[PDB]
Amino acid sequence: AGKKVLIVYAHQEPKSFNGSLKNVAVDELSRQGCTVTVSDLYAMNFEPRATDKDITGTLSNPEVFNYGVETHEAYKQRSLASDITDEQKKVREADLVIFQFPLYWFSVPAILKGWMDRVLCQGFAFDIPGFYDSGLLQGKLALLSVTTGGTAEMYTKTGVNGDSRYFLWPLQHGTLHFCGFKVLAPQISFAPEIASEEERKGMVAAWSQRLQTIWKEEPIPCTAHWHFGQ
């Protein structure tokens, strides 16, 4: 209600399963009266590489280029590439940011990692000091919606891949929390390519039905215990 939602989407095919979890998310939040924005990275042809072209202006120190130092500088001078500035503008408005993506090597597809590297710069998403609980994006909610080729069986402490929670750490704690987001419980749709229709349709339902009360939720305790047990 009145809330603004940002969905950063990372999938090349609209007909894909990720596409349906995304459309589902879009229809429901909208149907509820929420303002919804979507960043379909692939269709934007989003630049994922961190380069000096990200700072249009003149560098304070061109002798030894430090992307970290320069983008912090550029942000204060409003001289970051317009594509990054557009995204930061969306994040800044959002009350809720959803990441929709297929797991790639236990992480986010590279194009989305680029979005994280280029969009969450110092001065914008966090300050030193002013990170973790005093991150600059405090007051906002973040949620990861991950689809996997592997199965729930495969993703357990006594399974090959280890409990799926282990690979959420760099993203949930290292990124979102570091920036002040309150982290909601992740949506993990396991092995959709494998499951039958009466499963790929049950997962979606779960996503949809879950989105129906999303504003009802409380963040998770983004700790090592939560992620790795003991």
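Think of the rigid core as the biggest set of C-alphas that the two forms share within 1.5 Å after superposition. Sequential numbering from 1, following the sequence displayed.
**Q** Determine, for 107-115 and 129-137, which one has C-alphas that on average lie farther from this form in 9 other deposited structures of this protein; superpose on the rigid core first.
**A** Stretch with the higher C-alpha RMS distance in 9 other deposited structures of this protein: 129-137.
**Q** Using the rigid core for superposition, please say which stretch has the greater CA deviation in 9 other deposited structures of this protein, 188-196 or 56-64.
**A** Once the core is superposed, the stretch further away in 9 other deposited structures of this protein is 56-64.
**Q** On average, which has the higher Cα B-factor in the deposited entry, 38-46 or 55-63?
**A** Looking at the recorded C-alpha B-factors, 55-63 comes out higher on average.
**Q** Higher average CA B factor in the deposited record is what I'm after, so tell me if that's 146-154 or 85-93.
**A** Going by the record's values, the stretch with the higher mean is 146-154.
**Q** Between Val69, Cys179, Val183, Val204, which carries the biggest CA temperature factor in the record?
**A** Top of the list by C-alpha B-factor: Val204.
**Q** Could you look up the Cα B-factor of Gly159 in the entry and say which third of the chain it sits in: lowest, middle or highest?
**A** CA B-factor rank for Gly159: highest third.
**Q** Would you check the entry's CA temperature factor for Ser196 and let me know if it's in the chain's lowest, middle or highest third?
**A** For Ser196, whose C-alpha B-factor we compare with every modelled residue in the chain, the answer is the highest third.
**Q** Ordered by C-alpha B-factor within the chain, which third holds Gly135? Give me lowest, middle or highest, please.
**A** According to the entry, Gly135 has a C-alpha B-factor in the chain's middle third.
**Q** For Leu29, return the chain-relative third of its C-alpha B-factor as stated in the PDB record: lowest, middle or highest.
**A** CA B-factor rank for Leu29: highest third.
**Q** Can you work out whether the C-alpha temperature factor of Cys121 puts it in the lowest, middle or highest third of the chain?
**A** Lowest third.
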